[PDB]
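What follows is a short report on a single structure.
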Amino acid sequence: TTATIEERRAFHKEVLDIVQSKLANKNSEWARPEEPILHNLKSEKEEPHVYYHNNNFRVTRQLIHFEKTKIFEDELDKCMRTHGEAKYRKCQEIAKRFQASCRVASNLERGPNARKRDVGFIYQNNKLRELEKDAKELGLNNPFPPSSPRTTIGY
Amino acid sequence: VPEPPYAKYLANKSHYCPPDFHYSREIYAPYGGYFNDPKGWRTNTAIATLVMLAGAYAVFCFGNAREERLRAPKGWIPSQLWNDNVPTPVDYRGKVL
Amino acid sequence: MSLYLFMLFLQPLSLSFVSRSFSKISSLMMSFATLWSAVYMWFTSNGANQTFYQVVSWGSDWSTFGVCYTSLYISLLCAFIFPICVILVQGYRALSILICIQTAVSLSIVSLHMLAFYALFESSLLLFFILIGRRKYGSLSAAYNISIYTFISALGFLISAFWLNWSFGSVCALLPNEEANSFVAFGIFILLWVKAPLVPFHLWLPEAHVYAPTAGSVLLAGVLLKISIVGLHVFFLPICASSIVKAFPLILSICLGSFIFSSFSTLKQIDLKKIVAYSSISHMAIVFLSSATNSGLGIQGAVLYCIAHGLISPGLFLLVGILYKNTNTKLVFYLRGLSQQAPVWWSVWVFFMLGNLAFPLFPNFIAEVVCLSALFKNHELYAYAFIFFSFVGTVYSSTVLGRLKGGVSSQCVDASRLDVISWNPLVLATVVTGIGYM
Amino acid sequence: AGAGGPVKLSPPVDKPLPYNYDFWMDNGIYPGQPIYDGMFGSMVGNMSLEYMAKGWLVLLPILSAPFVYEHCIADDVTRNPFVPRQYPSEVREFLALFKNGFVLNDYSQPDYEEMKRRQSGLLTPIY
Amino acid sequence: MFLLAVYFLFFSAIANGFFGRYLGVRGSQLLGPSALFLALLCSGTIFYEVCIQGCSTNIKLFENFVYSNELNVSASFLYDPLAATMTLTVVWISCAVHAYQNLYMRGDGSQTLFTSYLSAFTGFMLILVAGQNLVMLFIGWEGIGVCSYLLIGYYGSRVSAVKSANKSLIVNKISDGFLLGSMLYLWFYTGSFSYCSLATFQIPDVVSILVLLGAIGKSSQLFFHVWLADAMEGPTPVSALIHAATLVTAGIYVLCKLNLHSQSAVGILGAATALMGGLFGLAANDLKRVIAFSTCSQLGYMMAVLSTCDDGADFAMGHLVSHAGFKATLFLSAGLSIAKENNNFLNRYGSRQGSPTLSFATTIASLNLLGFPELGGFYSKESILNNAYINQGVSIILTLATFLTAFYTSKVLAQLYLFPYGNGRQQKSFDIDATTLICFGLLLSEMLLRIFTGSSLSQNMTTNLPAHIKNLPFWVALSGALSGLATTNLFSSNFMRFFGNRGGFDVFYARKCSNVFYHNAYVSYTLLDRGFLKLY
Amino acid sequence: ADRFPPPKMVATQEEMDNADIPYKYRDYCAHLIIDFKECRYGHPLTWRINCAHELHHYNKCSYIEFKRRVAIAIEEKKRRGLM
Ligand SMILES: CCCCCCCCCCCCCCCCCC(=O)OC[C@H](COP(=O)([O-])OCC(O)COP(=O)([O-])OC[C@@H](COC(=O)CCCCCCCCCCCCCCCCC)OC(=O)CCCCCCCCCCCCCCCCC)OC(=O)CCCCCCCCCCCCCCCCC
Ligand SMILES: CCCCCCCCCCCCCCCCCC(=O)O[C@@H](COC(=O)CCCCCCCCCCCCCCC)COP(=O)(O)OCC[N+](C)(C)C
Ligand SMILES: CCCCCCCCCCCCCCCCCC(=O)O[C@@H](COC(=O)CCCCCCCCCCCCCCC)COP(=O)(O)OCC[N+](C)(C)C
Ligand SMILES: CCCCCCCCCCCCCCCCCCCC(=O)O[C@H](COC(=O)CCCCCCCCCCCCCC)COP(=O)(O)OCCN
Ligand SMILES: CCCCCCCCCCCCCCCCCCCC(=O)O[C@H](COC(=O)CCCCCCCCCCCCCC)COP(=O)(O)OCCN
Ligand SMILES: CCCCCCCCCCCCCCCCCCCC(=O)O[C@H](COC(=O)CCCCCCCCCCCCCC)COP(=O)(O)OCCN
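Residue numbers (PDB author numbering), protein chains in the order written: chain p, 2 to 156; chain c, 11 to 107; chain M, 1 to 438; chain l, 25 to 151; chain L, 1 to 536; chain o, 2 to 84.
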């Protein structure tokens, strides 16, 4: 994928038009965008308007994710408190969903140096499954535990 | 040594103070002095008890509003007399009460 | 924003026209007005504007000022802590110097231009040379140390700013620029390395704090160290992220080494002010590392911990100043029986020392938890290293408290009405932040 | 009398102080103490570190002898005369999941090898 | 209703320690015990509602205590069966200690501050026990740590007391650091701090080791037991609270609340701590020290039982609750003996006319410690010893610890009462008020109720053991008690000396660890910042 | 293991959940532990005297299960040839 200077300047002109259309009507939610500005730029920093708008969209999304995770945690805690000793069987699904939400929130914007948050040990379990499959098929002896059905309340 | 003029304002040694023990009476501490026993203590303690009961009332109101019982008690609990959010008791067999 | 900047420019201006006898009263009223204007700036800052809450320009790129999350917290902290410094200082000369230093520092935080940032922060260079080197209670060595360290670091930052202004054509933060150059990154980094004390460039700080007046020490620890985090968030991470990621093993080595060596050095200190200064150096390392991770958890944690330090270190420096006024000594060996002799000073001292140790009901606990979580997000070992070595702070603090707590003393050295008035805002703010209103 | 008892005051310093005088804790009462007792000066009971080490050398083998047998010499089959508690299949499968459980040592079970490998799990998180 | 208990204790703390000038010494002697009585009524209601009638409740005070990005924790209290049982025991012991302090601390200048610290200490213990998330537990853990620092070092003009407090603080810092690391591991890989979602079937060894290292601090296990013996510098009411419930129990509570422990480690560490503590208590000549070593031994038994079986957590908590009563009684009686005789050494005690209540309470507490049949201590200890038979190593060590425990306990009982008078012919006296009698009535009531109500559901469940193996703990206890009455010599002078020096853990720390610490500080400062890098 | 087959499980999942029986206690004796648990909690302080029939019955069932476990162990040991 290569971007010619003609295409780059064309996109720049289109971006300016998008800014002009946004400027025409006042919006109190200008910095809480519901949709990103789609682009094929090598670096987002090239188009400043796209960079700022998309950053504001990403912040909005992350805030929403954090609140969704809090909601998921509240339903998991209520479910756990209602069932009693049947919590392990009945709250597997809610827990699975909560852990998925935690991963989505943490992983989306972890940062340049941060590792992926393995909520539920899904990645570790997957790695152990691959290692087992390889050892068994190649006749090797695995020095690691075999993959587990359940490693956490959900995942 | 002739006691300084301000020494008249300061309090005497309390009954609980050992006679040999000497302490500087000018030093102020929020927790009280070396042996305390102030005059008017009975009133202060009554005021304290009233503030304690009022705060207990406020705490009770707050707790009752925030106490969430999501699983039915096995039998009757005292909370039913004061809180209406208690689920109807179900016994070990499963029969509702 | 405009009201805050105007009040900032009025505070140095007011001194020129005062009666020379009303100076202290006018300065206090101006400081409170600046605090109220900062509250107004907070009120007029809508969270809906996610990137920058407010930006104002007065005709040039240099006069571009704006407030962000880091800027807002630091500016509010400076306005909150300045009244205490004002009341602690006496004399027109001292007031003039302090008010000029404060105006320069407060203008630096809100500046969005690297060259303007440099112009405003380094204006208060001679004033610190003169303040730390005052006739009777000052040391020329400390003044020379702080001045030379600041000049060399800021000159490197200036060279990097000049290259960025030449290459991109602008040095304003609001214009998105990225650079992969390592020389320019190092130039910007060296300022942060020196200003926020990091081993081995931390020697200037303890000397300055010991030989500075209590108002000066309070201002220095409270906000001058924080100016590094504004430069990092506003002038380093946006442009030189690639170099921070490239050098992360080195950054981590230098930050952890600073934390360890500073903690060990605090153990050999016999002066209360030096103990508080080395505690600050140790505390700065977590903030620097957390911000360098370039994660949401790290930037928020670093700013929060900075506020907690900017509320806990001024308290300790204020109590130390009060004690020194009462006794004319800072040697822990001469100070004994403070529990029995000063029950009110002792209570506040113990409370602030507990705050410095990051106990749960203090802002330091929440801040540390967030910073440690950010480190754990990077690597588990990174968090573990910092968590384990925290015991060294406990050993020195416990030894100091134990030496001060008991013994035989023949002097009643307790705080007056003025001293309690000066710490009450700091105590209330510490409590409020501790309960979670961060 | 708990309060007001006589005390002896430590004499004021009258000679040049050693560089490492911070190792001594003196509150003004006569018996000052090292920062850590036993770091220097008189040792309690006149017992050196060498004496304590020789004692621990004599004691350690006798204390470790019970533990080494069962943990190392003994095996799952021979440790106890019975098998671990038997559970219904639904209960047993869930209980086997716990690494710190007691049902993983059931040699009679056809899933013994997997359970044993589960018990000797990972030292650190892989991710 | 559930919040009320914590409110009463924190109120009593604020009142006595901030408004003591108004309340007075007498005002603290009223507000303290009154608040503790009200908290006992609330704790009893909580115990009946949760434990007996299986009704757990969650009270969320406020949300978003910490809200940085994904990380979110709330201040919430979940009263589960473990929380209710511990709340009840803690409040009962604290109410007794508050009643005791009225007469014991009359001769102390700050009785208002002492009462304030005792009530804040009890409040932080109830926060730790009732927390619904790991952050609330940490808040309680640190609060008890700080209150212990402020209470052990209460006598500031004694260098020993300040050093004992510094020791406690440093050891507890190392432990809470390991706990913070474990909590970070658990938050990262489970997504929450709440114990409901915290559940993990398989945990990496690192988290288990970190949890154990964190727990061994408060529950003074081997290598971390140095602070407990030193904590004797503080006043007697402090020692009763810390040893019986507030501090030693927290580690066990943490291990039982989150079952991340490893069977191999807990069993060996526990059995070792039981034996070492009993041996250390054999050499000890201070009354208060012997009861501390006894606490260490019992903690070893509770830690060891977790390894034996699945019900080990229930057995441990049952022993913990049974132990708190008798151990508190032993400390309060020891304090009264010291106060009446003005002596701390076992050699100078002897038969002397006293109060029937105190002598009986001491005898019954000692019997519970010893293991006398048909007593609360007996059932809770046999539940452990009988179930530990499967682990051959743990069982042998625990039986030897039972022997040593019986020997020192019997020796102490003989020395305090049966032995002829050993103190001097001087006028000494401590008159006991009705408040002290109420305190001993409360402790005896707890001891009696424990026999009727029991400690664990599985307490009387059959352990399928031969009769000779089931009744051996009794024979070993009797043999030790008989040997202790005869005051016979068991070990050579070399070993008696070794045990008197507590194994030389502190001599090792001073000669090597402290010297290395201060050499690192010397290199860091004198050689470098103020040497190489300092201008002429 | 095969020679000594497990006994029939009287307790169902619904009953064990309704009586709040932990998973560890669901070991073929759960019906008796439900009886004992209901009686012990019904009589909070007098259970030791009153609730003795249920404890006896549980202990007997537990004894039979223990004997089964020992039998299984001996059979496995003989199969491996150790004894
Ligand atoms: C229109 C309607 C009217 C409304 C009003 C609006 C008008 C607007 C502005 C008008 C206000 C009047 C301006 C004041 C002029 C004189 C001020 C002065 O002499 O200072 C000391 C003087 C105190 O006099 P004094 O106590 O009677 O004794 C002095 C004796 O003469 C000698 O005493 P000494 O020998 O013992 O010296 C001891 C010395 C110790 O020795 C030192 O420390 C020397 C250090 C060298 C300079 C300090 C370097 C750092 C200074 C940083 C700048 C401070 C602001 C920080 C903000 C950052 C800006 C980038 O300590 C001091 O002197 C004070 C220490 C701190 C003051 C330094 C700040 C002054 C900078 C330059 C002053 C302007 C002079 C211009 C000359 C004009 C014709 C000659 O005035 C003050 O009250 C404090 C300074 C007020 C600063 C405001 C001046 C603006 C300078 C900021 C630069 C920004 C550009 C300018 C634009 C301004 C707005 C357009
Ligand atoms: C010189 C001093 C002399 C005077 C002494 C003053 C005495 C102070 C009394 C101590 C206060 C204890 C109360 C602690 C709770 C803090 C109160 C609080 O924060 O208000 C909460 C409301 O919550 C409450 O009211 C809590 C109930 C308080 C009393 C209930 C029981 C009292 C027992 C104390 C145990 C509290 C344990 C909490 C540990 C974290 C605000 O509600 P939100 O809108 O959700 O605020 C947002 C949350 N956040 C702060 C994080 C931003
Ligand atoms: C969590 C929800 C509710 C929170 C309530 C907490 C309980 C009360 C907290 C009150 C304020 C907390 C800190 C008070 C200031 C710290 C100083 C202090 O506590 O004691 C002072 C003086 O005490 C005071 O004047 C104020 C104390 C009033 C109430 C203190 C209760 C215990 C403090 C709780 C620990 C804080 C928790 C922080 C970490 C969780 C110094 O005492 P000593 O060093 O022992 O010397 C006294 C002299 N003598 C040698 C004779 C012993
Ligand atoms: C292509 C070039 C090749 C390389 C060639 C290099 C040749 C030399 C380069 C050195 C440049 C550094 C400039 C600082 C010199 C050290 C300070 C001078 C020492 C001194 O005595 O100053 C006294 C006080 O200074 C103080 O108290 C300050 C203490 C030391 C300051 C620490 C320096 C700042 C940090 C150093 C590096 C930081 C980052 C580096 C990127 C004042 O003396 P006086 O007034 O009484 O005069 C009387 C005459 N003796
Ligand atoms: C020895 C440990 C290093 C100490 C530093 C520890 C932590 C500092 C990290 C700061 C973070 C951002 C700074 C970016 C790079 C600075 C140092 C990185 C390490 C380094 O030196 O890498 C070099 C490249 O950097 C460069 O080429 C530039 C080096 C810095 C220049 C020194 C002074 C510059 C001052 C200029 C002022 C402003 C100028 C603006 C025009 C050579 O590494 P390599 O890639 O060649 O690998 C070949 C090895 N086999
Ligand atoms: C049941 C679980 C186990 C609980 C504790 C077990 C501890 C067992 C470790 C001791 C057994 C092996 C000891 C090493 C062999 C040394 C034999 C003689 C010792 C010797 O000659 O030098 C000593 C070295 O100190 C030393 O020996 C220190 C080495 C100890 C290694 C670190 C282990 C932690 C020890 C904690 C408690 C042990 C207390 C007594 C060691 C005294 O040296 P010096 O001071 O006279 O030299 C002069 C200063 N220039």
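All C-beta atoms in this analysis are idealised placements derived from N, C-alpha and C, irrespective of residue type, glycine included.
Can you tell me whether residue i is helix, strand or coil according to DSSP?
| i | result |
| --- | --- |
| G131/L | strand |
| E77/c | strand |
| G66/M | strand |
| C95/L | helix |
| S297/L | helix |
| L330/L | helix |
Which chain M residues are close to residue i, counting only those with a beta carbon under 7 Å from its beta carbon?
| i | result |
| --- | --- |
| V162/L | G402, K405, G406 |
Along chain L, in chain order, which residues have C-beta atoms closer than 8 Å to that of residue i?
| i | result |
| --- | --- |
| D61/l | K163, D506, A510 |
| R142/l | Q202 |
Looking at residue i and ligand 7, is the gap between the Cβ and the nearest heavy atom below 7 Å?
| i | result |
| --- | --- |
| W80/l | The model depicted lacks ligand 7 and carries ligand 1, ligand 2, ligand 3, ligand 4, ligand 5 and ligand 6 instead. |
Is any heavy atom in ligand 1 found nearer than 7 Å to the beta carbon of residue i?
| i | result |
| --- | --- |
| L10/M | no |
| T103/M | yes |
| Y509/L | no |
If I'm right that residue i touches residue j with Cβ under 8 Å, what's the distance once you round it to whole angstroms?
| i | j | result |
| --- | --- | --- |
| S333/L | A292/L | That pair is no contact at about 15 Å. |
| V303/M | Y149/M | Contact flag wrong, Cβ pair sits at about 24 Å. |
| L289/M | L252/M | 6 Å |
| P58/l | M49/l | 7 Å |
Residue i touches chain l at which residues, Cβ-Cβ below 7 Å?
| i | result |
| --- | --- |
| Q392/L | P90, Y93, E94 |
Please find out if some non-hydrogen atom of ligand 3 comes closer than 7 Å to the beta-carbon of residue i.
| i | result |
| --- | --- |
| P343/M | yes |
Give the residues of chain p in contact with residue i, contact being defined as C-beta atoms less than 7 Å apart.
| i | result |
| --- | --- |
| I53/l | Within 7 Å Cβ-Cβ: nothing; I53/l doesn't reach chain p, min ~55 Å. |
Below 7 Å, is the gap between the Cβ of residue i and the nearest heavy atom of ligand 6?
| i | result |
| --- | --- |
| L404/L | no |
| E74/l | yes |
With hydrogens ignored, establish whether the beta-carbon of residue i is closer than 7 Å to any heavy atom of ligand 4.
| i | result |
| --- | --- |
| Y7/L | no |
Taking all protein chains shown into account, do 16 or more other C-beta atoms lie within 10 angstroms of the C-beta of residue i, making it buried, or fewer, making it exposed?
| i | result |
| --- | --- |
| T2/p | exposed |
| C96/l | exposed |
| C306/M | buried |
| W166/M | exposed |
Output, in chain order, the set of chain p residues within a Cβ distance shorter than 9 Å of residue i.
| i | result |
| --- | --- |
| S280/M | Neighbours of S280/M on chain p: none; closest Cβ ~26 Å, over 9 Å. |
So which residues on chain p does residue i lean against when the C-beta distance must stay under 8 Å?
| i | result |
| --- | --- |
| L80/c | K79, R82, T83 |
So with CB distances below 7 Å, who are the chain L contacts of residue i?
| i | result |
| --- | --- |
| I366/M | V66 |
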